[PDB]
file upload.csv (CSV, C-alpha atoms (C1' of nucleotides))
chain,number,residue,atom,x,y,z
A,266,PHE,CA,16.4,-73.6,-20.1
A,267,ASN,CA,19.5,-75.9,-19.6
A,268,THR,CA,18.9,-77.7,-23.0
A,269,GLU,CA,18.3,-74.3,-24.7
A,270,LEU,CA,21.7,-73.1,-23.3
A,271,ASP,CA,23.5,-76.4,-24.1
A,272,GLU,CA,23.1,-76.2,-27.9
A,273,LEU,CA,24.5,-72.5,-27.8
A,274,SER,CA,27.7,-73.9,-26.0
A,275,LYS,CA,28.1,-76.9,-28.4
A,276,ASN,CA,27.6,-74.7,-31.6
A,277,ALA,CA,29.7,-71.7,-30.2
A,278,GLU,CA,32.8,-72.6,-32.4
A,279,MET,CA,30.4,-72.7,-35.5
A,280,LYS,CA,29.3,-69.0,-35.3
A,281,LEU,CA,32.9,-67.6,-34.8
A,282,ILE,CA,33.9,-64.7,-37.1
A,283,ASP,CA,36.8,-63.9,-34.7
A,284,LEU,CA,38.5,-65.7,-31.7
A,285,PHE,CA,36.6,-66.4,-28.4
A,286,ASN,CA,38.7,-63.7,-26.5
A,287,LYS,CA,37.6,-61.0,-29.1
A,288,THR,CA,33.8,-62.0,-29.5
A,289,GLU,CA,31.1,-60.7,-27.1
A,290,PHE,CA,28.7,-62.9,-25.0
A,291,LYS,CA,25.5,-61.7,-26.7
A,292,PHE,CA,27.0,-62.7,-30.2
A,293,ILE,CA,26.8,-66.5,-29.1
A,294,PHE,CA,24.1,-66.7,-26.3
A,295,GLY,CA,22.0,-63.6,-27.3
A,296,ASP,CA,20.4,-61.2,-24.7
A,297,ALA,CA,20.0,-64.0,-22.1
A,298,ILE,CA,21.8,-62.0,-19.3
A,299,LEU,CA,20.3,-58.4,-19.7
A,300,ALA,CA,16.8,-59.8,-20.3
A,301,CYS,CA,17.0,-61.8,-16.9
A,302,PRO,CA,14.9,-60.2,-14.0
A,303,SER,CA,17.0,-57.8,-11.9
A,304,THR,CA,18.1,-58.5,-8.2
A,305,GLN,CA,17.8,-54.8,-7.1
A,306,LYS,CA,15.2,-56.0,-4.5
A,307,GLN,CA,16.6,-56.8,-1.0
A,308,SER,CA,19.6,-58.6,-2.6
A,309,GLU,CA,17.0,-61.4,-3.0
A,310,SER,CA,17.9,-63.3,-6.3
A,311,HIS,CA,15.2,-64.4,-8.9
A,312,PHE,CA,14.7,-68.2,-9.5
A,313,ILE,CA,15.4,-67.5,-13.3
A,314,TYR,CA,18.7,-65.6,-12.2
A,315,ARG,CA,19.7,-68.5,-9.8
A,316,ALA,CA,19.2,-71.0,-12.7
A,317,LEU,CA,21.1,-68.9,-15.4
A,318,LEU,CA,24.3,-68.2,-13.3
A,319,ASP,CA,24.5,-71.8,-11.9
A,320,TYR,CA,24.8,-72.9,-15.6
A,321,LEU,CA,27.7,-70.3,-16.1
A,322,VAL,CA,29.5,-71.6,-12.9
A,323,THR,CA,29.7,-75.2,-14.5
A,324,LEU,CA,30.7,-73.6,-17.9
A,325,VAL,CA,34.0,-72.2,-16.6
A,326,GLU,CA,34.3,-75.6,-14.6
A,327,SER,CA,34.3,-77.6,-17.9
A,328,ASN,CA,36.5,-74.9,-19.7
A,329,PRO,CA,39.8,-74.7,-17.8
A,330,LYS,CA,42.4,-71.9,-18.4
A,331,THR,CA,44.6,-73.1,-21.3
A,332,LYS,CA,46.6,-71.2,-24.1
A,333,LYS,CA,43.9,-71.9,-26.7
A,334,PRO,CA,40.8,-69.6,-25.9
A,335,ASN,CA,37.5,-71.4,-25.3
A,336,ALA,CA,33.8,-70.4,-24.4
A,337,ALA,CA,34.8,-69.0,-21.0
A,338,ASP,CA,36.8,-66.1,-22.6
A,339,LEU,CA,33.7,-64.4,-24.1
A,340,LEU,CA,33.6,-60.6,-23.4
A,341,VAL,CA,30.9,-59.3,-21.0
A,342,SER,CA,29.7,-55.6,-20.8
A,343,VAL,CA,29.5,-53.5,-17.6
A,344,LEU,CA,25.6,-53.9,-17.5
A,345,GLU,CA,25.8,-57.7,-18.0
A,346,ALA,CA,28.6,-57.7,-15.3
A,347,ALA,CA,26.3,-55.5,-13.0
A,348,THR,CA,23.5,-58.2,-13.3
A,349,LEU,CA,25.9,-61.1,-12.6
A,350,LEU,CA,27.2,-59.3,-9.5
A,351,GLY,CA,23.6,-58.1,-8.6
A,352,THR,CA,24.8,-54.5,-7.7
A,353,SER,CA,24.5,-50.9,-9.2
A,354,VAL,CA,26.5,-50.0,-12.4
A,355,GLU,CA,28.5,-47.2,-10.5
A,356,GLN,CA,29.6,-49.9,-7.9
A,357,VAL,CA,31.0,-52.1,-10.8
A,358,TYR,CA,32.7,-48.9,-12.4
A,359,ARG,CA,34.2,-48.3,-8.8
A,360,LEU,CA,35.6,-51.9,-8.9
A,361,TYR,CA,37.2,-50.8,-12.3
A,362,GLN,CA,38.3,-47.5,-10.7
A,363,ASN,CA,40.3,-49.4,-8.0
A,364,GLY,CA,41.4,-52.1,-10.6
A,365,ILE,CA,39.6,-55.0,-8.7
A,366,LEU,CA,37.9,-56.2,-12.0
A,367,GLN,CA,40.4,-56.1,-14.9
A,368,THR,CA,39.1,-55.0,-18.3
A,369,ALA,CA,40.4,-57.0,-21.2
A,370,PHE,CA,42.3,-54.5,-23.4
A,371,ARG,CA,43.8,-51.1,-22.4
A,372,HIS,CA,41.8,-48.0,-23.2
A,373,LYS,CA,44.2,-45.3,-24.3
A,374,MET,CA,43.8,-42.4,-21.6
A,375,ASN,CA,40.7,-40.6,-23.1
A,376,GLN,CA,38.8,-43.9,-23.4
A,377,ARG,CA,35.8,-43.9,-20.9
A,378,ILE,CA,34.3,-47.4,-21.2
A,379,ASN,CA,31.2,-47.6,-23.5
A,380,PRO,CA,28.5,-49.3,-21.2
A,381,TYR,CA,27.3,-51.7,-24.0
A,382,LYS,CA,30.8,-52.6,-25.5
A,383,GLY,CA,32.0,-56.0,-24.0
A,384,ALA,CA,34.8,-55.0,-21.5
A,385,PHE,CA,35.5,-57.9,-19.1
A,386,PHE,CA,36.0,-61.7,-19.7
A,387,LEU,CA,33.2,-64.1,-18.5
A,388,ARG,CA,36.0,-66.1,-16.7
A,389,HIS,CA,37.2,-64.0,-13.7
A,390,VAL,CA,33.8,-62.1,-13.4
A,391,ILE,CA,32.5,-65.5,-12.2
A,392,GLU,CA,35.6,-66.3,-10.0
A,393,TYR,CA,35.0,-62.9,-8.4
A,394,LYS,CA,31.3,-64.0,-7.7
A,395,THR,CA,32.5,-67.4,-6.3
A,396,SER,CA,34.9,-65.4,-3.9
A,397,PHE,CA,31.6,-64.1,-2.3
A,398,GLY,CA,29.8,-67.1,-0.6
A,399,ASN,CA,26.0,-67.4,-0.4
A,400,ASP,CA,24.0,-70.3,1.1
A,401,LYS,CA,23.0,-72.2,-2.1
A,402,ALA,CA,26.5,-72.5,-3.7
A,403,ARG,CA,27.5,-76.1,-5.0
A,404,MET,CA,30.7,-76.2,-2.8
A,405,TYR,CA,29.0,-77.5,0.4
A,406,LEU,CA,26.9,-80.0,-1.7
B,1,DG,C1',46.7,-51.7,-24.0
B,2,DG,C1',48.6,-47.4,-25.1
B,3,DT,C1',51.3,-43.0,-25.2
B,4,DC,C1',55.0,-39.7,-27.3
B,5,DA,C1',58.0,-36.1,-19.2
B,6,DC,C1',58.2,-31.0,-16.6
B,7,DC,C1',61.3,-26.6,-14.7
B,8,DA,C1',63.4,-21.7,-17.1
B,9,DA,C1',66.5,-19.5,-20.8
B,10,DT,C1',67.0,-16.2,-26.8
B,11,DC,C1',73.2,-11.3,-25.8
B,12,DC,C1',75.7,-6.3,-25.7
B,13,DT,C1',78.8,-3.1,-29.5
B,14,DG,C1',79.6,-0.3,-34.5
B,15,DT,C1',78.5,0.6,-39.4
B,16,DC,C1',75.8,-0.2,-45.2
B,17,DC,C1',80.1,4.2,-50.1
B,18,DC,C1',81.8,7.2,-53.5
B,19,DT,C1',81.6,8.6,-59.7
B,20,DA,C1',78.5,8.7,-64.1
B,21,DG,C1',74.4,7.7,-67.1
B,22,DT,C1',68.9,5.6,-68.7
B,23,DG,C1',69.2,6.9,-77.0
B,24,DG,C1',67.7,8.5,-81.8
B,25,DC,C1',63.4,7.3,-86.3
B,26,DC,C1',58.3,6.5,-87.7
B,27,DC,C1',53.3,5.6,-86.7
B,28,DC,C1',48.7,5.0,-83.5
B,29,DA,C1',42.4,2.8,-89.0
B,30,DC,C1',39.0,2.5,-92.1
B,31,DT,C1',31.8,0.9,-91.3
B,32,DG,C1',27.5,1.3,-89.6
B,33,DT,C1',24.4,2.7,-85.0
B,34,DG,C1',19.4,10.6,-84.9
B,35,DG,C1',15.0,13.5,-83.6
B,36,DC,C1',12.7,17.3,-85.3
B,37,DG,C1',10.8,21.3,-87.8
B,38,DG,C1',11.1,23.4,-92.7
B,39,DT,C1',11.8,25.1,-97.2

call {"tool": "encode", "arguments": {"input": "upload.csv", "output": "structure tokens"}}
result
Amino acid sequence: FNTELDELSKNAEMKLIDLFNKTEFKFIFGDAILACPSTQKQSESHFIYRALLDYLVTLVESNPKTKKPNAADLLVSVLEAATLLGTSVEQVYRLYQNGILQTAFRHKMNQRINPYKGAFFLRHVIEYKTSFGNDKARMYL
DNA sequence: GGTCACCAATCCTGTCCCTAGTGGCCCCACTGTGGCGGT
């Protein structure tokens, strides 16, 4: 699964019709987040889900925050955001309601967010998830 | 990234005229398109 996801990162710049900060995640990686088995049960994460996210944590690690956009500025939708947090979709809308998670362009007053349109950056959606500590994080070892 | 602030207001007092008048002349198309009983 790592080597399958490694070629998509190396050949990310090849596929670009627009800039990284304007392109969606499913345009480069393709369905690999919303196909993943859900963690609605117990808050017990799937071994497929543990392996996917732990690759994305080292992606933003290798792609620091510079003035040129890179692979860590790909746009993520509210459903793909809901899976990466492992919570309900209303709970992730409520974080948007109290401006905890910051969209990536301003909707103009009658814009209610399309649930499939890529709203948030991959970047700080991960950093929000690393603000919550669970036992098998890479920080301790 | 996107919109074009709310809260109330439209003035009262007086009047539109008087005089005189709307022309003469000539003309308004020829063709066709009838049924029925009788001497």

call {"tool": "interface_residues", "arguments": {"input": "upload.csv", "of": "chain B", "to": "chain A", "cutoff": "8 Å", "atoms": "all atoms listed in the file", "output": "number ranges by chain"}}
result
B: 1-3

call {"tool": "atom_distance", "arguments": {"input": "upload.csv", "atom1": "CA of residue 349 (chain A)", "atom2": "CA of residue 290 (chain A)"}}
result
12.8 Å

call {"tool": "residues_around", "arguments": {"input": "upload.csv", "residues": "residue 266 (chain A)", "least_positions_apart": "6", "cutoff": "10 Å", "atoms": "all atoms listed in the file", "output": "PyMOL selection string"}}
result
chain A and resi 313+316-317+320

call {"tool": "residues_near_point", "arguments": {"input": "upload.csv", "point": "(21.7, -70.9, -22.8)", "cutoff": "12 Å", "atoms": "all atoms listed in the file", "output": "list in words"}}
result
residues 266, 267, 268, 269, 270, 271, 272, 273, 274, 275, 276, 277, 290, 291, 293, 294, 295, 296, 297, 298, 301, 313, 316, 317, 318, 319, 320, 321 and 324 of chain A

call {"tool": "write_last_selection", "arguments": {"input": "upload.csv", "atoms": "C-alpha atoms", "output": "CSV table (one decimal), keeping the file's coordinate frame"}}
result
chain,number,residue,atom,x,y,z
A,266,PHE,CA,16.4,-73.6,-20.1
A,267,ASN,CA,19.5,-75.9,-19.6
A,268,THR,CA,18.9,-77.7,-23.0
A,269,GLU,CA,18.3,-74.3,-24.7
A,270,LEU,CA,21.7,-73.1,-23.3
A,271,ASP,CA,23.5,-76.4,-24.1
A,272,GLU,CA,23.1,-76.2,-27.9
A,273,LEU,CA,24.5,-72.5,-27.8
A,274,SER,CA,27.7,-73.9,-26.0
A,275,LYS,CA,28.1,-76.9,-28.4
A,276,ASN,CA,27.6,-74.7,-31.6
A,277,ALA,CA,29.7,-71.7,-30.2
A,290,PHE,CA,28.7,-62.9,-25.0
A,291,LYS,CA,25.5,-61.7,-26.7
A,293,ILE,CA,26.8,-66.5,-29.1
A,294,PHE,CA,24.1,-66.7,-26.3
A,295,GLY,CA,22.0,-63.6,-27.3
A,296,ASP,CA,20.4,-61.2,-24.7
A,297,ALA,CA,20.0,-64.0,-22.1
A,298,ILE,CA,21.8,-62.0,-19.3
A,301,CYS,CA,17.0,-61.8,-16.9
A,313,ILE,CA,15.4,-67.5,-13.3
A,316,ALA,CA,19.2,-71.0,-12.7
A,317,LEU,CA,21.1,-68.9,-15.4
A,318,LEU,CA,24.3,-68.2,-13.3
A,319,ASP,CA,24.5,-71.8,-11.9
A,320,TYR,CA,24.8,-72.9,-15.6
A,321,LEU,CA,27.7,-70.3,-16.1
A,324,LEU,CA,30.7,-73.6,-17.9

call {"tool": "closest_residue", "arguments": {"input": "upload.csv", "among": "A:304, A:335, A:328, A:395", "to": "residue 285 (chain A)", "atoms": "all atoms listed in the file"}}
result
A:335

call {"tool": "atom_distance", "arguments": {"input": "upload.csv", "atom1": "CA of residue 344 (chain A)", "atom2": "CA of residue 357 (chain A)"}}
result
8.8 Å

call {"tool": "atom_distance", "arguments": {"input": "upload.csv", "atom1": "CA of residue 348 (chain A)", "atom2": "CA of residue 365 (chain A)"}}
result
17.0 Å

call {"tool": "closest_residue", "arguments": {"input": "upload.csv", "among": "A:361, A:356, A:379, A:389", "to": "residue 329 (chain A)", "atoms": "all atoms listed in the file"}}
result
A:389

call {"tool": "decode", "arguments": {"input": "upload.csv", "residues": "region 330-401 of chain A", "atoms": "C-alpha atoms", "output": "mmCIF file, in the first residue's frame"}}
result
data_model
loop_
_atom_site.group_PDB
_atom_site.id
_atom_site.type_symbol
_atom_site.label_atom_id
_atom_site.label_comp_id
_atom_site.auth_asym_id
_atom_site.auth_seq_id
_atom_site.Cartn_x
_atom_site.Cartn_y
_atom_site.Cartn_z
ATOM 1 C CA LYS A 330 5.085 25.136 4.833
ATOM 2 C CA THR A 331 6.836 27.360 2.177
ATOM 3 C CA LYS A 332 5.607 30.091 -0.287
ATOM 4 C CA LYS A 333 5.539 27.579 -3.236
ATOM 5 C CA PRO A 334 2.534 25.193 -2.782
ATOM 6 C CA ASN A 335 3.359 21.407 -2.561
ATOM 7 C CA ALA A 336 1.487 18.024 -2.169
ATOM 8 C CA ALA A 337 0.385 18.986 1.440
ATOM 9 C CA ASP A 338 -1.879 21.863 0.082
ATOM 10 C CA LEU A 339 -4.334 19.424 -1.683
ATOM 11 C CA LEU A 340 -8.035 20.247 -0.963
ATOM 12 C CA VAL A 341 -10.033 17.708 1.173
ATOM 13 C CA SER A 342 -13.904 17.557 1.296
ATOM 14 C CA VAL A 343 -16.019 17.445 4.549
ATOM 15 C CA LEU A 344 -16.693 13.641 4.085
ATOM 16 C CA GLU A 345 -12.909 12.937 3.555
ATOM 17 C CA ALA A 346 -12.266 15.280 6.575
ATOM 18 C CA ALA A 347 -14.964 13.366 8.613
ATOM 19 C CA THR A 348 -13.136 10.010 7.914
ATOM 20 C CA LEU A 349 -9.629 11.429 8.827
ATOM 21 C CA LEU A 350 -11.069 12.776 12.178
ATOM 22 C CA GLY A 351 -13.220 9.589 12.621
ATOM 23 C CA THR A 352 -16.358 11.564 13.713
ATOM 24 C CA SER A 353 -19.893 12.333 12.327
ATOM 25 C CA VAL A 354 -20.243 14.873 9.424
ATOM 26 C CA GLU A 355 -22.435 17.272 11.571
ATOM 27 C CA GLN A 356 -19.593 17.299 14.216
ATOM 28 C CA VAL A 357 -17.105 18.426 11.442
ATOM 29 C CA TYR A 358 -19.685 21.061 10.208
ATOM 30 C CA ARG A 359 -19.934 22.244 13.892
ATOM 31 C CA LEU A 360 -16.080 22.737 13.924
ATOM 32 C CA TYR A 361 -16.647 24.871 10.730
ATOM 33 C CA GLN A 362 -19.565 26.666 12.583
ATOM 34 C CA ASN A 363 -17.194 27.748 15.478
ATOM 35 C CA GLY A 364 -14.308 28.416 12.968
ATOM 36 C CA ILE A 365 -12.056 25.675 14.526
ATOM 37 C CA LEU A 366 -11.292 24.148 11.045
ATOM 38 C CA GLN A 367 -10.750 26.937 8.432
ATOM 39 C CA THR A 368 -12.087 26.366 4.920
ATOM 40 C CA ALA A 369 -9.746 27.446 2.118
ATOM 41 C CA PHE A 370 -11.684 30.213 0.317
ATOM 42 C CA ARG A 371 -14.540 32.409 1.513
ATOM 43 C CA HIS A 372 -18.094 31.367 0.548
ATOM 44 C CA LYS A 373 -20.100 34.522 -0.133
ATOM 45 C CA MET A 374 -22.994 34.597 2.494
ATOM 46 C CA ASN A 375 -25.497 32.254 0.756
ATOM 47 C CA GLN A 376 -22.787 29.617 0.148
ATOM 48 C CA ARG A 377 -23.640 26.462 2.199
ATOM 49 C CA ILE A 378 -20.606 24.098 1.651
ATOM 50 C CA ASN A 379 -21.201 21.325 -0.982
ATOM 51 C CA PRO A 380 -20.322 18.078 0.937
ATOM 52 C CA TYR A 381 -18.260 16.657 -2.061
ATOM 53 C CA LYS A 382 -16.481 19.945 -3.144
ATOM 54 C CA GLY A 383 -12.917 20.058 -1.619
ATOM 55 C CA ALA A 384 -13.183 22.669 1.212
ATOM 56 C CA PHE A 385 -10.206 22.319 3.674
ATOM 57 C CA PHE A 386 -6.416 21.858 3.038
ATOM 58 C CA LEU A 387 -4.862 18.401 3.836
ATOM 59 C CA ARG A 388 -2.205 20.389 5.850
ATOM 60 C CA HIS A 389 -3.941 21.674 9.080
ATOM 61 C CA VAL A 390 -6.653 18.889 9.001
ATOM 62 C CA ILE A 391 -3.682 16.540 9.900
ATOM 63 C CA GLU A 392 -2.139 19.033 12.438
ATOM 64 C CA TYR A 393 -5.636 19.187 14.108
ATOM 65 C CA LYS A 394 -5.528 15.318 14.286
ATOM 66 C CA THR A 395 -1.936 15.410 15.792
ATOM 67 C CA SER A 396 -3.285 17.893 18.469
ATOM 68 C CA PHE A 397 -5.370 14.869 19.722
ATOM 69 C CA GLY A 398 -2.998 12.171 21.125
ATOM 70 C CA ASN A 399 -3.686 8.396 20.776
ATOM 71 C CA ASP A 400 -1.390 5.547 21.998
ATOM 72 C CA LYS A 401 0.222 4.489 18.626
#
